[PDB]
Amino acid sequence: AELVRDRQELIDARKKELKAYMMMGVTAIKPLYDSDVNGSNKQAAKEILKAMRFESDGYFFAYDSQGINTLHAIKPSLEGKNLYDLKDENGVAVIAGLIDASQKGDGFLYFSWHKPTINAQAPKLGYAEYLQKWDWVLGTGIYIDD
């Protein structure tokens, strides 16, 4: 109950951080998002969000509501691929889970994903917000392998 308490504490602190980082990404592209005319500014917003980091493993991705990747900071070759049916190594439907978390839930999802600093799968806590004008489920995450 005691070492479990310290873990919940660490998790909750990370969830607060994730909400802040998400706010930074959303507000960084706000001038573009607000002034957009039929997707005119999406490319410019992608270039900003794909450059942003809060640490080496701290980056943005986005998917549309059909699970098609619209931007990926780490692996831009995912862009335009439909990953709706994608499962992690534990059978978590990652993309569908993030789309649903962001639209119908609290934004959070536990899953495993490539971790940049070790180039291998690791457990992650993702956080996503839905940007309806562009149909982007914009997400980031913290790795919990610690």
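One rule holds for the numbers: they count along the sequence shown, beginning at 1.
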property	result
Mean C-alpha temperature factor, higher of 65 to 73 and 35 to 43	35 to 43
Stretch with the higher entry mean CA B-factor, where the candidates are 108 to 116 and 26 to 34	26 to 34
Position of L83 among the chain's modelled residues by C-alpha B-factor, lowest, middle or highest third	middle
CA B-factor placement of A122, once the chain's modelled residues are sorted into thirds	middle
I11 CA temperature factor, ranked by third within the chain	highest
